[PDB]
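Quick one: the structure is below, and I'll ask about it shortly.
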Amino acid sequence: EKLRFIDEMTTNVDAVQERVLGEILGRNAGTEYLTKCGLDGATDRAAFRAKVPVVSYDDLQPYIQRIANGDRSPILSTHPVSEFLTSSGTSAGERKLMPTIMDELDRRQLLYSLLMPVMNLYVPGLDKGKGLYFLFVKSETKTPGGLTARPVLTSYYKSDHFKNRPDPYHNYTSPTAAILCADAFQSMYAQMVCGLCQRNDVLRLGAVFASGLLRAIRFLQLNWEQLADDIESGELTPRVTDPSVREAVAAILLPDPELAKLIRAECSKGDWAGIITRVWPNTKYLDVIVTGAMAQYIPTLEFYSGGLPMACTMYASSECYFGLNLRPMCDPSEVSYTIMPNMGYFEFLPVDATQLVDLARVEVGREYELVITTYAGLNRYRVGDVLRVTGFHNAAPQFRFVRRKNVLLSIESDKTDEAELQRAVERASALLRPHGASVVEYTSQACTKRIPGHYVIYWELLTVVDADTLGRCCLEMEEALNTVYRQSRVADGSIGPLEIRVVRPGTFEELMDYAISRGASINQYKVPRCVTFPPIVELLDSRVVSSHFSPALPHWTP
Ligand SMILES: Nc1ncnc2c1ncn2[C@@H]1O[C@H](COP(=O)(O)O)[C@@H](O)[C@H]1O
């Protein structure tokens, strides 16, 4: 029983953790990295705790670049590297490369196998229908040494764990051919058409991130005309060039006019509230992450779903799959993730290795940074995630996701940190300085009033700059932002043009006075992003003199 496995693992947290670390060290304690730490082959917890330092990405990057450039000696593991999983987190504007090994796919597959067993406890009958999940592959590259680098889900979807899988609780409408198609449009359109045809078997709707599902809905808003047509005519549109997709959908696309009729009846109305249960009326819930930065999207999802529950099922990363939500139907505000003690060796830094707290021993109410040791040879690596213990499941702590440290803005997988944002502001002022203008202060917000959302930067200038020049400032900020952002702009369409709102002189002084109604004066520092979803965003907006948008896409190529 998957459920009994969860109960055993969480009952025996600290014993499992010891055994896992023994397995990892049995595998790796003889690698270059651990030998350099002086472990000298020890596989026991006391030796490890004593000798292995806590590290960040930049401490490991020298080892990673050696592997990327073709070093195939056992640097990090006696299981050598199979590919690089590209985190959406960056350093110097480039994606961090998380080495993985072939063995880890099986542990990822184990975590996935736990999800529907838990869900089935709260939502009956899912086996009697399909899931409409919009899933997408993104671009791959190769390192100078020949290894592939690509996102974990892209790796997942192109793996046979996924392609040739044995299961009624995983009956999906999307043909893997459409999932694997490069082009966002063809992939989206083809998956929409298959979701609509099968509209009535659809018991749940989803995508990895809430924003992905929102972009699927916007896609419908823009293409239901041709969609209703191909449904009626039963003929695949020739916008779809990709021959492998055409063959997958045309394999289930049946001519159906009673179907096409309704699609027009619901999408012709200008009102799209509850559109999801109107097109897919047996939908029981939405399977999308809406914790952390995706929380922004909850109101928008509710409007389109008509109030359907939103399941946040899993907590995972490019470097390590962590665990799962044992209460997937709770309220989004109530989500906590139970880290699974078999997935790696997990330690916690209260927000140096002597302060590390073991998984079993974290304290309810406290916030910690996640520090992980993995089979792939990450050793006391800091993920950057801040977590708050909300309680315990048997001996296993449960965590509310707080944030990834230093991340200011995300629309999707982009994770723009304060350093990149500040440098972006500095690069755009080359357009301002000839006017005699400079940016006295700025802040930002992720704006999701439309799909896709976009970055809004507030500028208080000191000197007038014309509107075309300020729009070019938007573009320049985008050129300076990281590869994930620009890729999302040019390739995915998941982020719309960046917006600069110029605020009147004295605006940030006011922003100070409003927070001071609370905050400590000689403790205040201007927030570089604002989320207090009404009061502070409303105050800034109320001081805006003009608004400007990037008139063109930034540069990006894989
Ligand atoms: N429910 C969630 N599941 C996975 N990642 C999350 C969640 N909420 C926030 N995140 C962030 O997403 C990161 C994974 O980034 P990546 O390695 O690009 O997949 C995590 O380390 C978290 O900071």
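Note that the numbering runs from 1 along the sequence shown for the chain. As the structure lists them, so they are numbered: ligands from 1, and atoms in each ligand from 1. Only heavy atoms go into these numbers, but all of them, side chains included; no hydrogens, no water, no symmetry mates.
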Please state whether the rings of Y345 and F48 are parallel, tilted or perpendicular, taking 30° and 60° as the class boundaries.
perpendicular

In terms of residue, atom name and distance, what is the protein heavy atom nearest to atom 13 (C) of ligand 1?
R404 NH2, 3.6 Å

Should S318 be listed as contacting ligand 1, given a heavy-atom distance under 4.0 Å as the test?
yes

Cation-pi between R150 and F84: NZ/CZ under 6.0 Å from ring centre and within 45° of the ring axis?
no

Parallel, tilted or perpendicular: ring planes of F185 versus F219, cut at 30 and 60 degrees
tilted

Taking the inter-plane angle between the rings of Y133 and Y172 on a 0 to 90° scale, is it parallel (under 30°), tilted (30 to 60°) or perpendicular (over 60°)?
perpendicular

Proximity flag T291 to ligand 1, non-hydrogen atoms under 4.0 Å
yes

Given the side-chain rings of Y321 and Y112, with only the six-membered ring counted for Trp, is the space between their centroids under 6.0 Å?
yes

Looking only at heavy atoms, the pair that brings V290 and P332 closest together is CG2-CB, 3.8 Å

What protein heavy atom sits nearest atom 2 (C) of ligand 1, and how far off is it?
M314 O, 3.7 Å

Hey, can you tell me if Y315 and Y337 have their rings parallel, tilted or perpendicular (30° and 60° cut-offs)?
tilted

Of all protein heavy atoms, the one nearest atom 6 (C) of ligand 1 is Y315 CD1, 4.3 Å

Heavy atom of the protein closest to atom 20 (C) of ligand 1 (residue, atom name, distance)
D385 OD2, 3.4 Å

For atom 15 (O) of ligand 1, find the nearest protein heavy atom and state the residue, atom name and distance (0.1 Å precision).
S88 OG, 3.7 Å

N/O separation below 3.5 Å, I289 to ligand 1
no

Nearest-contact summary for atom 1 (N) of ligand 1 - protein heavy atom, Å
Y337 OH, 2.9 Å

Test of understanding: given a 4.0 Å heavy-atom threshold, classify the contact between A316 and ligand 1 as side chain, backbone, both, or neither.
backbone

